[PDB]
Student: 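Just dropping this structure here.
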2 protein chains.
Amino acid sequence: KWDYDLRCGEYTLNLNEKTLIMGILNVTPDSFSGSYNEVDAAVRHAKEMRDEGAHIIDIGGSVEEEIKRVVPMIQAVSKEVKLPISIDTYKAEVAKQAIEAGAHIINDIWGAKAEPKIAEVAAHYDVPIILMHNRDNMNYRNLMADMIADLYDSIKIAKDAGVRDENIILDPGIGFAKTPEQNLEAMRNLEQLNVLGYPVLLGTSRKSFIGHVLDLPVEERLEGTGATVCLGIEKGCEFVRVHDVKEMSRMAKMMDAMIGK
Amino acid sequence: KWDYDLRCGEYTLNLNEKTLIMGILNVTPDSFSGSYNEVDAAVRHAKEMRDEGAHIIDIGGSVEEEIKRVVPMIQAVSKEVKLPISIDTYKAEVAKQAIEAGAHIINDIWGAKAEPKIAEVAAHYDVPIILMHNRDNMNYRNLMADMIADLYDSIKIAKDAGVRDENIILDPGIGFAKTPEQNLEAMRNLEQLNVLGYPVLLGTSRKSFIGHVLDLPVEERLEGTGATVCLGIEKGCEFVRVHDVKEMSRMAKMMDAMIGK
Ligand SMILES: Nc1nc(N)c([N+](=O)[O-])c(=O)[nH]1
Ligand SMILES: Nc1nc(N)c([N+](=O)[O-])c(=O)[nH]1
């Protein structure tokens, strides 16, 4: 099904074996400050996520200040947790520093559109980059068709900068630039992203549209997140981006067994 | 999509609105004995399941002794919890007494085959009957094809006894007469049951094949049960039969929103 592996320097992610779990590192910063309390709680969280089945650790971030916060955490996690690190930035300079610090994958919520030079950073360090659907508006003519269009405009920016197809991952950008009904419509029609030929990452964890359906606060969205993860895997996604790693790994693992992955 | 409602005497279940949750009543009997401790813990459990989103209460059971245990519980739950009760029996006499006691739906794990007269009981009291796939062996030529064949032999026994199509529900009998790999194959191919034209109930809650995939004890199968519930709803099932009503209702509810039910 995938004729290649996702190459991440020292680590390699097989795309056929199983749904790969991306753990969302909570990055609660110190008010006083790369301080000991914030980097240690990060390492501890990354270790916990590694222990409960995460395959990648996703680490998110004033641009100079963004780097000062995220760089130390990538250094500490990179050393202490043997897992690929994605950097959750749309800024080119932030991405540069993060891979330099030890990050393996770029996670861009603006799919190379907010700062085109990020794809150029991706191309040079030769790292996988996640291009997420996003726009500064909701004026959809046709949600899915526009989504796939907007995604292609990311692929073109990426390809034009030198990014190899094998380093391109797509993300439907659930919870971004979409109404709650449009988020459900995108979930309903997720399999359409497959025609683009790239691995898909789904990021739905605890998001507002789950709460909109279930009428439940963020800490009560685990079952709703599970439904989205399940439908997502059934519709072909290679990755899920989750806060609840233990639960979602068990769910991903069971989907896999059933769908024949 | 369904041109009729599931009629259950005083209650009516719409088959289009949502995935209907069937709560599994734990029926821990007293060693000393329709005793107060066992009927009260049953009522309390049924009340709890009603509170957390169950649409039907499933109540299970020496044939004379089976009736003595289940009849009082149906009487107490029927009175105290305003929900349809299915009786989980394959015995005709047990089913007769249970509907007489207040049960609304027959839940037969042997699909009218262990005791054909049960369909006759169904036909007379004019109650919906769940015909589950089951056989006394695993000698499948072709799992899905044999399943759909074996299910039709139930529909014929039911129809021949007087059962109206509108009172027939089918169940793929997950965890019955199937290897763990065959259980996964049936989950993978559940949508095939839809060609038979009847509502499908999925019963996968906490079952051995989830533990076989996840390597987890029965009390750790909630995420794995959720995956099966999710795939099941995506594949068209009208009902899920679950122990964890709170969680599975939230999951069913989110699947519904996404798939457009
Ligand atoms: N790829 C990806 N990155 C993110 N930061 C999000 N998010 O919700 O924040 C996401 O959904 N997908
Ligand atoms: N319909 C139905 N009835 C049952 N008793 C079971 N079960 O596992 O015991 C089931 O799965 N389905």
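Letters go in sequence order (proteins before strands), and every chain restarts at 1. Note: hydrogens, waters and symmetry copies are ignored here, and every other heavy atom, side chains too, is used.
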Student: Considering only heavy atoms from C-beta outward, does the side chain of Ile74(B) approach that of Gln97(B) to under 4.5 Å?
Tutor: no

Student: Just by modelled atom types, is the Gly175(B) backbone N or O under 3.5 Å from a matching donor or acceptor in the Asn183(B) side chain?
Tutor: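 Side chain of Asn183(B) to backbone of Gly175(B), a donor-acceptor pair under 3.5 Å: yes, one is there.
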
Student: Check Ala46(B) against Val77(B) and note the closest heavy-atom contact, atom names and distance.
Tutor: CB-CG1, 3.7 Å

Student: Looking at every heavy atom in both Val70(B) and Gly60(B), which two are closest together, and how far apart are they?
Tutor: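 It is CG2-O, 3.7 Å.
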
Student: Using a 6.0 Å cut-off, check whether atom OH of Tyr198(B) has over 12 heavy atoms from anything other than its own residue.
Tutor: yes

Student: One pair to check against side-chain contact (heavy atoms from CB on, under 4.5 Å): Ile129(B) and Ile105(B). What are the steps and the verdict?
Tutor: CA-CA 6 Å; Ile129(B) 176 166; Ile105(B) 297 157; over 6 Å; no

Student: In chain order, what residues pass the side-chain hydrogen bond (donor to acceptor under 3.5 Å, both in side chains) check against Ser154(B), with sequence neighbours excluded?
Tutor: none

Student: Any side-chain heavy-atom pair from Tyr11(A) and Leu83(A) closer than 4.5 angstrom?
Tutor: no

Student: So, using side-chain hydrogen bond (donor to acceptor under 3.5 Å, both in side chains) as the criterion, who are the partners of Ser249(B) when residues are at least two apart?
Tutor: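 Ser249(B) satisfies side-chain hydrogen bond (donor to acceptor under 3.5 Å, both in side chains) with no other residue.
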
Student: Applying side-chain hydrogen bond (donor to acceptor under 3.5 Å, both in side chains), can you list everything that pairs with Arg50(A), at least two apart in sequence or on another chain?
Tutor: none

Student: When you check the side-chain N and O atoms of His104(B) and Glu10(B), is any donor under 3.5 Å from an acceptor?
Tutor: yes

Student: Please enumerate all residues that pass salt bridge (charged side-chain N to carboxylate O under 4.0 Å, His left out) together with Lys246(B), with sequence neighbours excluded.
Tutor: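 Listed in chain order: nothing, the list is empty.
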
Student: Any non-hydrogen side-chain atom of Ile148(B) less than 4.5 Å from a side-chain atom of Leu193(B)?
Tutor: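 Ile148(B) vs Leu193(B): side chains touch.
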
Student: On a heavy-atom basis, which atom in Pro172(B) and which in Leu202(B) lie closest, and how many Å separate them?
Tutor: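 For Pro172(B) and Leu202(B), the tightest heavy-atom pair comes out as CG-CD1, 3.8 Å.
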
Student: Are any side-chain N or O atoms of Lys91(B) and backbone N or O atoms of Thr89(B), one a donor and one an acceptor, separated by less than 3.5 Å?
Tutor: no

Student: According to side chain to side chain donor-acceptor pair (under 3.5 Å), does anything in residues 106-116 of chain B pair up with another residue at least two apart or in another chain? List the pairs.
Tutor: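 The answer is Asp58(B)-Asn107(B).
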
Student: Is the side chain of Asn167(B) donor-acceptor paired with the backbone N or O of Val163(B) at a distance under 3.5 Å, no angle test?
Tutor: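 No: the side chain of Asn167(B) does not pair with the backbone of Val163(B).
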
Student: Does atom NE2 of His212(A) have more than 12 heavy-atom neighbours from other groups under 6.0 Å away?
Tutor: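 12 or below, so no.
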
Student: Take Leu15(B) and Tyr4(B) through the test side-chain contact (heavy atoms from CB on, under 4.5 Å) and record every step on the way to the result.
Tutor: CA-CA 8 Å; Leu15(B) 296 162; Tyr4(B) 69 99; 4.0 Å; yes

Student: Check the pair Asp150(B) / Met147(B) against side-chain contact (heavy atoms from CB on, under 4.5 Å), numbers first and verdict last.
Tutor: CA-CA 5 Å; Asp150(B) 291 345; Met147(B) 177 158 341; 5.9 Å; no

Student: May I have all residue pairs that pass salt bridge (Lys or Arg N to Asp or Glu O under 4.0 Å) and include part of residues 188-208 of chain B, sequence neighbours excluded?
Tutor: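 The answer is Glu191(B)-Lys235(B), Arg206(B)-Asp244(B).
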
Student: To the nearest 0.5 Å, tell me how far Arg241(A) CZ sits from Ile24(A) CD1.
Tutor: 4.0 Å

Student: Would you say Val242(A) and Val245(A) make side-chain contact, with heavy atoms under 4.5 Å?
Tutor: yes

Student: Can a donor-acceptor pair be found, under 3.5 Å and without considering hydrogens, that links the side chain of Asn134(B) to the backbone of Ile109(B)?
Tutor: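 Present.
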
Student: Any side-chain heavy-atom pair from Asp51(B) and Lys47(B) closer than 4.5 angstrom?
Tutor: no

Student: Ignoring hydrogens and angles, tell me if any N or O in the side chain of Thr179(B) forms a donor-acceptor pair with the backbone of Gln182(B) under 3.5 Å.
Tutor: yes

Student: Looking at every heavy atom in both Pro199(A) and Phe239(A), which two are closest together, and how far apart are they?
Tutor: CB-CE1, 3.9 Å

Student: Output the distance between atom CG (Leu13(B)) and atom CD1 (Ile169(B)), rounded to the nearest 0.5 Å.
Tutor: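 Here the rounded value is 8.0 Å.
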
Student: So, taking the atom named NZ in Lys18(A) and the one named NZ in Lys253(A), what distance separates them when rounded to the nearest 0.5 Å?
Tutor: 8.0 Å

Student: May I ask you to say whether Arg7(B) pairs ionically with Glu166(B), meaning some side-chain N is under 4.0 Å from a carboxylate O?
Tutor: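 Between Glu166(B) and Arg7(B) there is no salt bridge, as every charged N stays at least 4.0 Å from the carboxylate O atoms.
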
Student: Under 3.5 Å, is there a donor-acceptor pair between the side chain of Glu52(B) and the main chain of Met49(B)?
Tutor: no

Student: Rounded to the nearest 0.5 Å, what's the gap from CE on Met248(B) to CE on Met251(B)? Could you check?
Tutor: 6.0 Å

Student: Does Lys1(A) have any salt bridge (charged side-chain N to carboxylate O under 4.0 Å, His left out) partners at least two apart in sequence or in another chain, and if so, which?
Tutor: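 For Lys1(A) the salt bridge (charged side-chain N to carboxylate O under 4.0 Å, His left out) partners, ignoring immediate neighbours, are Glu238(A).
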
Student: Distance from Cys230(A) atom SG to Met255(A) atom CE, nearest 0.5 Å?
Tutor: 5.0 Å

Student: May I ask you to test the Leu184(A)-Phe209(A) pair for a side-chain heavy-atom distance under 4.5 Å?
Tutor: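 The answer is yes, as the side chains (C-beta and beyond) meet within the 4.5 Å cut-off.
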
Student: For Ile174(A) and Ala186(A), work out which heavy atoms get closest and say how close.
Tutor: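 Closest approach of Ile174(A) to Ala186(A), heavy atoms only: CD1-CB, 3.7 Å.
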
Student: Do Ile99(B) and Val121(B) have side chains that get closer than 4.5 Å, going by heavy atoms?
Tutor: yes

Student: Would you list the pairs meeting salt bridge (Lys or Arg N to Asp or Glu O under 4.0 Å) in which at least one residue belongs to residues 211-231 of chain A, sequence neighbours left out?
Tutor: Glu220(A)-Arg250(B), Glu223(A)-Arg250(B)

Student: Would you give the length of the straight line joining atom CG of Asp40(B) to atom CG of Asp30(B), rounded to the nearest 0.5 angstrom?
Tutor: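 Nearest 0.5 Å value for the CG-CG distance: 10.5 Å.
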
Student: Nearest heavy-atom pair of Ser78(B) and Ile85(B): which atoms, and what distance?
Tutor: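 That closest heavy-atom pairing would be N-CD1, 3.5 Å.
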
Student: With sequence neighbours excluded, tell me which residues meet side-chain hydrogen bond (donor to acceptor under 3.5 Å, both in side chains) with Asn26(A).
Tutor: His45(A)

Student: Who are the ring pair (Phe, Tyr, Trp, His ring centres under 6.0 Å) partners of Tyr152(B), not counting sequence neighbours?
Tutor: none

Student: List the residues meeting ring pair (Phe, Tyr, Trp, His ring centres under 6.0 Å) with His133(B), not counting sequence neighbours, and say none if there are none.
Tutor: none

Student: Could you go through the side-chain contact (heavy atoms from CB on, under 4.5 Å) check for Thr228(B) and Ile210(B) one step at a time?
Tutor: CA-CA 9 Å; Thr228(B) 70; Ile210(B) 289 154; 4.1 Å; yes

Student: Tell me whether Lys261(B) at atom NZ has more than 12 heavy atoms from other residues, nucleotides or ligands lying less than 6.0 Å away.
Tutor: yes

Student: In the structure I gave you, are the side-chain heavy atoms of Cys237(A) and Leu201(A) within less than 4.5 Å of one another anywhere?
Tutor: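 Heavy-atom side-chain distance check fails, nothing below 4.5 Å.
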
Student: Could you tell me whether the side chain of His55(A) and the main chain of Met22(A) form a donor-acceptor pair under 3.5 Å?
Tutor: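 Not confirmed, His55(A) side chain does not pair with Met22(A) backbone.
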
Student: Counting N and O atoms only, with roles assigned by atom type, does the side chain of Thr19(B) sit under 3.5 Å from a partner on the main chain of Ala252(B), one being a donor and the other an acceptor?
Tutor: no

Student: Please output the side-chain donor-acceptor pairs of residues 137-145 of chain B that fall under 3.5 Å, not counting sequence neighbours, one pair per line with the distance.
Tutor:
{"unit_1": "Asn137(B)", "atom_1": "OD1", "unit_2": "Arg135(B)", "atom_2": "NH1", "d": "3.0"}
{"unit_1": "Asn137(B)", "atom_1": "OD1", "unit_2": "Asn139(B)", "atom_2": "N", "d": "2.8"}
{"unit_1": "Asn137(B)", "atom_1": "OD1", "unit_2": "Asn139(B)", "atom_2": "ND2", "d": "3.0"}
{"unit_1": "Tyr140(B)", "atom_1": "OH", "unit_2": "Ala177(B)", "atom_2": "O", "d": "2.7"}

